Each structure stands twice: as structure tokens, then as C-alpha cells.
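Report on the following structure.
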Amino acid sequence: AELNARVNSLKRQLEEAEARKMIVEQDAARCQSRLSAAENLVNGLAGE
Amino acid sequence: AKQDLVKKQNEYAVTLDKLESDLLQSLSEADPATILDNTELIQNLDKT
Amino acid sequence: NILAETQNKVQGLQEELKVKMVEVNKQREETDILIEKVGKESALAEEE
């Protein structure tokens with residue numbers, strides 16, 4: 001029973017970690033898209 | 001073909017001078033954080 | 001001159017975005033490795 005309770009707590013922690021990773025990954029993807037747009041704008045400004 | 005080209009060169013010269021004048025006023029009016037996400041400015045740089 | 005100032009601001013924003021991508025991506029990779037290790041431990045603990 002103690003082992004099962006510890007396993008359940010570990011599983012809840014893992015689910016929380018996965019949610020944090022997912023949101024963190026989406027934030028990173030948004031940041032990458034913003035960086036690419038900024039790079040394109042910088043290239044255009046340099047050409048001008 | 002020559003006459004059409006000469007009329008096209010005149011047309012293109014008027015369009016280019018409009019684009020340059022549109023860019024200078026659009027950059028000044030737009031904020032530094034808005035310029036990076038502004039769609040009009042990214043489109044304008046490609047057209048030029 | 002106006003275009004150069006806008007370009008410098010864009011370059012600074014792009015550099016900060018790239019630094020964030022390098023940092024967020026590195027953090028995500030570390031979190032994924034930790035999650036995989038936790039999953040292997042849970043799989044072993046569950047069998048026991």
C-alpha cells in the first residue's frame with residue numbers, strides 16, 4: 001500500500017511535469033516564430 | 001515592345017518612389033515592438 | 001537613418017529572441033531527459 005501511494009504521488013508529479021513541458025514547449029515554439037519574423041524584418045531593413 | 005517598356009519604366013519608377021515614401025512614414029508611426037509583428041512592413045520589404 | 005535605427009532595434013530584439021530559444025530549448029531537452037528517466041524508474045518500480 002505504501003509503495004502504491006508513493007507510485008501514485010510520483011505519477012501525479014510526472015503529469016504536472018509533462019504539462020509544464022508542453023506549455024514550455026509551446027512558448028518556445030512561439031518565441032522561435034517571433035525570432036524568425038524578426039530575422040526576416042532585419043534582413044529587409046539591411047537590404048534597404 | 002520598346003514604347004511599352006519605356007511606359008513600364010516610368011510606371012515602375014512612380015510605384016518605387018511611392019513604396020519608399022510609404023516605408024519611411026509607416027516605420028516612424030509604428031512602435032518598435034509593433035514593427036517586429038506588423039504584417040504590412042514584412043509585405044512592404046518583400047514588394048521592394 | 002530612420003531605417004538604420006529601426007534595423008538596430010530589430011537586431012537587438014532578434015538576438016534576445018534567439019537567446020530565449022537557445023535557453024527554452026535547452027531547458028525543454030533537459031526536462032524531457034529527466035521525464036524519460038522518471039518513466040523508466042516508474043516502469044521498474046511497477047514491475048517490483
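Residues are referred to by chain and number: the chain letter is A, B, ... according to the order shown in the C-alpha cells, the number counts from 1 in that chain, and ligands are numbered separately from 1 in the order shown.
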Q: Pull out every residue of chain A sitting within 12 Å of chain B, counting only C-alpha atoms, and send them as a list in words.
A: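 Those within range of chain B come out as residues 33, 34, 35, 36, 37, 38, 39, 40, 41, 42, 43, 44, 45, 46, 47 and 48 of chain A.
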Q: Restrict the distance test to only C-alpha atoms, flag each residue of chain C within 8 Å of chain A, and return the flagged residues as a ChimeraX atom specification.
A: /C:3-4,6-7,10-11,13-14,17-18,20-21,24-25,28,31-32,35,38,42,45-46
Could you save the residues just selected, with N, CA, C and O atoms, as a PDB file, in the first residue's frame?
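To be explicit, this is the file written out as part31.pdb:
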ATOM      1  N   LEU C   3      15.664  54.103 -41.041  1.00  0.00           N
ATOM      2  CA  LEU C   3      15.679  52.648 -41.336  1.00  0.00           C
ATOM      3  C   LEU C   3      16.779  51.976 -40.513  1.00  0.00           C
ATOM      4  O   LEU C   3      16.512  50.917 -39.956  1.00  0.00           O
ATOM      5  N   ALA C   4      17.949  52.609 -40.410  1.00  0.00           N
ATOM      6  CA  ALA C   4      19.094  52.059 -39.653  1.00  0.00           C
ATOM      7  C   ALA C   4      18.712  51.942 -38.175  1.00  0.00           C
ATOM      8  O   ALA C   4      18.975  50.880 -37.589  1.00  0.00           O
ATOM      9  N   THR C   6      15.714  51.620 -36.924  1.00  0.00           N
ATOM     10  CA  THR C   6      14.698  50.539 -36.805  1.00  0.00           C
ATOM     11  C   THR C   6      15.397  49.178 -36.909  1.00  0.00           C
ATOM     12  O   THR C   6      15.074  48.294 -36.102  1.00  0.00           O
ATOM     13  N   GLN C   7      16.358  49.060 -37.828  1.00  0.00           N
ATOM     14  CA  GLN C   7      17.113  47.807 -38.075  1.00  0.00           C
ATOM     15  C   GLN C   7      17.899  47.434 -36.816  1.00  0.00           C
ATOM     16  O   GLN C   7      17.873  46.259 -36.457  1.00  0.00           O
ATOM     17  N   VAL C  10      15.520  46.091 -34.294  1.00  0.00           N
ATOM     18  CA  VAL C  10      15.053  44.751 -34.757  1.00  0.00           C
ATOM     19  C   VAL C  10      16.144  43.721 -34.459  1.00  0.00           C
ATOM     20  O   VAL C  10      15.800  42.648 -33.957  1.00  0.00           O
ATOM     21  N   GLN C  11      17.406  44.070 -34.713  1.00  0.00           N
ATOM     22  CA  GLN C  11      18.553  43.154 -34.484  1.00  0.00           C
ATOM     23  C   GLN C  11      18.629  42.833 -32.991  1.00  0.00           C
ATOM     24  O   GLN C  11      18.764  41.646 -32.659  1.00  0.00           O
ATOM     25  N   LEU C  13      16.195  42.888 -30.790  1.00  0.00           N
ATOM     26  CA  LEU C  13      15.031  42.032 -30.431  1.00  0.00           C
ATOM     27  C   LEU C  13      15.295  40.602 -30.914  1.00  0.00           C
ATOM     28  O   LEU C  13      15.054  39.658 -30.138  1.00  0.00           O
ATOM     29  N   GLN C  14      15.838  40.463 -32.126  1.00  0.00           N
ATOM     30  CA  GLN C  14      16.116  39.136 -32.728  1.00  0.00           C
ATOM     31  C   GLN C  14      17.145  38.407 -31.865  1.00  0.00           C
ATOM     32  O   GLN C  14      16.933  37.220 -31.591  1.00  0.00           O
ATOM     33  N   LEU C  17      15.512  37.161 -28.729  1.00  0.00           N
ATOM     34  CA  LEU C  17      14.610  36.028 -29.065  1.00  0.00           C
ATOM     35  C   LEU C  17      15.440  34.758 -29.275  1.00  0.00           C
ATOM     36  O   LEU C  17      15.034  33.701 -28.762  1.00  0.00           O
ATOM     37  N   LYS C  18      16.572  34.877 -29.975  1.00  0.00           N
ATOM     38  CA  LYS C  18      17.464  33.722 -30.259  1.00  0.00           C
ATOM     39  C   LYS C  18      18.017  33.188 -28.935  1.00  0.00           C
ATOM     40  O   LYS C  18      18.030  31.955 -28.756  1.00  0.00           O
ATOM     41  N   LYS C  20      16.616  33.414 -26.014  1.00  0.00           N
ATOM     42  CA  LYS C  20      15.476  32.756 -25.322  1.00  0.00           C
ATOM     43  C   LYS C  20      15.248  31.366 -25.924  1.00  0.00           C
ATOM     44  O   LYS C  20      15.060  30.416 -25.148  1.00  0.00           O
ATOM     45  N   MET C  21      15.315  31.252 -27.253  1.00  0.00           N
ATOM     46  CA  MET C  21      15.099  29.952 -27.944  1.00  0.00           C
ATOM     47  C   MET C  21      16.189  28.964 -27.515  1.00  0.00           C
ATOM     48  O   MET C  21      15.849  27.799 -27.225  1.00  0.00           O
ATOM     49  N   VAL C  24      15.249  28.273 -23.752  1.00  0.00           N
ATOM     50  CA  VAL C  24      13.987  27.496 -23.584  1.00  0.00           C
ATOM     51  C   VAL C  24      14.188  26.096 -24.169  1.00  0.00           C
ATOM     52  O   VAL C  24      13.818  25.126 -23.492  1.00  0.00           O
ATOM     53  N   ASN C  25      14.818  26.001 -25.343  1.00  0.00           N
ATOM     54  CA  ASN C  25      15.038  24.686 -25.999  1.00  0.00           C
ATOM     55  C   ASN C  25      15.930  23.815 -25.109  1.00  0.00           C
ATOM     56  O   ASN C  25      15.581  22.635 -24.900  1.00  0.00           O
ATOM     57  N   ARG C  28      13.940  22.576 -22.169  1.00  0.00           N
ATOM     58  CA  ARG C  28      12.960  21.551 -22.614  1.00  0.00           C
ATOM     59  C   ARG C  28      13.680  20.213 -22.801  1.00  0.00           C
ATOM     60  O   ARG C  28      13.163  19.201 -22.310  1.00  0.00           O
ATOM     61  N   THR C  31      14.433  18.736 -19.404  1.00  0.00           N
ATOM     62  CA  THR C  31      13.180  18.268 -18.753  1.00  0.00           C
ATOM     63  C   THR C  31      12.752  16.942 -19.384  1.00  0.00           C
ATOM     64  O   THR C  31      12.387  16.035 -18.627  1.00  0.00           O
ATOM     65  N   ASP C  32      12.856  16.826 -20.710  1.00  0.00           N
ATOM     66  CA  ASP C  32      12.459  15.582 -21.420  1.00  0.00           C
ATOM     67  C   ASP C  32      13.349  14.429 -20.947  1.00  0.00           C
ATOM     68  O   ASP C  32      12.798  13.353 -20.642  1.00  0.00           O
ATOM     69  N   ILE C  35      12.279  13.404 -17.496  1.00  0.00           N
ATOM     70  CA  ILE C  35      10.952  12.722 -17.575  1.00  0.00           C
ATOM     71  C   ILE C  35      11.165  11.277 -18.034  1.00  0.00           C
ATOM     72  O   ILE C  35      10.549  10.384 -17.435  1.00  0.00           O
ATOM     73  N   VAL C  38      12.529   9.286 -15.183  1.00  0.00           N
ATOM     74  CA  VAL C  38      11.457   9.070 -14.167  1.00  0.00           C
ATOM     75  C   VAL C  38      10.540   7.945 -14.654  1.00  0.00           C
ATOM     76  O   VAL C  38      10.199   7.073 -13.838  1.00  0.00           O
ATOM     77  N   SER C  42       9.703   4.394 -12.876  1.00  0.00           N
ATOM     78  CA  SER C  42       8.305   4.000 -12.559  1.00  0.00           C
ATOM     79  C   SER C  42       8.020   2.610 -13.136  1.00  0.00           C
ATOM     80  O   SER C  42       7.403   1.788 -12.430  1.00  0.00           O
ATOM     81  N   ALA C  45       9.817   0.141 -10.865  1.00  0.00           N
ATOM     82  CA  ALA C  45       9.135   0.131  -9.551  1.00  0.00           C
ATOM     83  C   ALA C  45       7.800  -0.609  -9.675  1.00  0.00           C
ATOM     84  O   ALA C  45       7.496  -1.418  -8.788  1.00  0.00           O
ATOM     85  N   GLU C  46       7.065  -0.362 -10.763  1.00  0.00           N
ATOM     86  CA  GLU C  46       5.747  -1.002 -11.007  1.00  0.00           C
ATOM     87  C   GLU C  46       5.944  -2.515 -11.141  1.00  0.00           C
ATOM     88  O   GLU C  46       5.157  -3.261 -10.530  1.00  0.00           O
TER      89      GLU C  46
END
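Separating atom CA of residue B:12 from atom CA of residue B:40 is a distance of 20.1 Å.
Relative to atom CA of residue C:8, atom CA of residue B:16 is found at 24.1 Å.
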Q. Hey, which of C:1, C:22, C:9, C:43 ends up closest to chain B? Count only C-alpha atoms.
A. C:9
Q: Please indicate the distance in Å from atom CA of residue C:12 to atom CA of residue A:26, rounded to one decimal place.
A: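 These atoms are spaced 22.9 Å apart.
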Q. From the list B:10, B:3, B:34, B:28, which residue is nearest chain C when using only C-alpha atoms?
A.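 Checking each of B:10, B:3, B:34, B:28 against chain C, counting only C-alpha atoms, the winner is B:28.
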Q: For chain B, report every residue with an atom at most 10 Å from chain C (counting only C-alpha atoms), formatted as a PyMOL selection string.
A: chain B and resi 23-25+27-28+31-33+35-36
Export of prior selection with N, CA and C atoms as a CSV table (one decimal), in the first residue's frame:
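Wrote it out as out_10.csv, contents follow:
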chain,number,residue,atom,x,y,z
B,23,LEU,N,7.2,53.6,-46.7
B,23,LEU,CA,8.0,52.8,-45.7
B,23,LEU,C,8.5,53.8,-44.6
B,24,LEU,N,9.0,55.0,-45.0
B,24,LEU,CA,9.5,56.0,-44.0
B,24,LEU,C,8.4,56.5,-43.0
B,25,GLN,N,7.2,56.7,-43.5
B,25,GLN,CA,6.1,57.2,-42.7
B,25,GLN,C,5.5,56.1,-41.9
B,27,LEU,N,7.2,53.3,-40.7
B,27,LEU,CA,8.2,53.0,-39.7
B,27,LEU,C,8.2,53.9,-38.5
B,28,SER,N,8.1,55.2,-38.8
B,28,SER,CA,8.0,56.3,-37.8
B,28,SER,C,6.8,56.2,-36.9
B,31,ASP,N,5.4,51.5,-33.6
B,31,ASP,CA,6.2,51.4,-32.4
B,31,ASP,C,7.3,50.3,-32.6
B,32,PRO,N,8.4,50.3,-31.9
B,32,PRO,CA,9.5,49.3,-32.1
B,32,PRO,C,9.0,47.9,-31.9
B,33,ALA,N,8.1,47.6,-30.9
B,33,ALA,CA,7.6,46.3,-30.6
B,33,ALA,C,6.5,45.9,-31.6
B,35,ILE,N,6.5,47.1,-34.9
B,35,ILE,CA,7.2,46.9,-36.2
B,35,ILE,C,7.6,45.5,-36.4
B,36,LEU,N,8.0,44.7,-35.4
B,36,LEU,CA,8.5,43.3,-35.5
B,36,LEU,C,7.3,42.4,-35.8
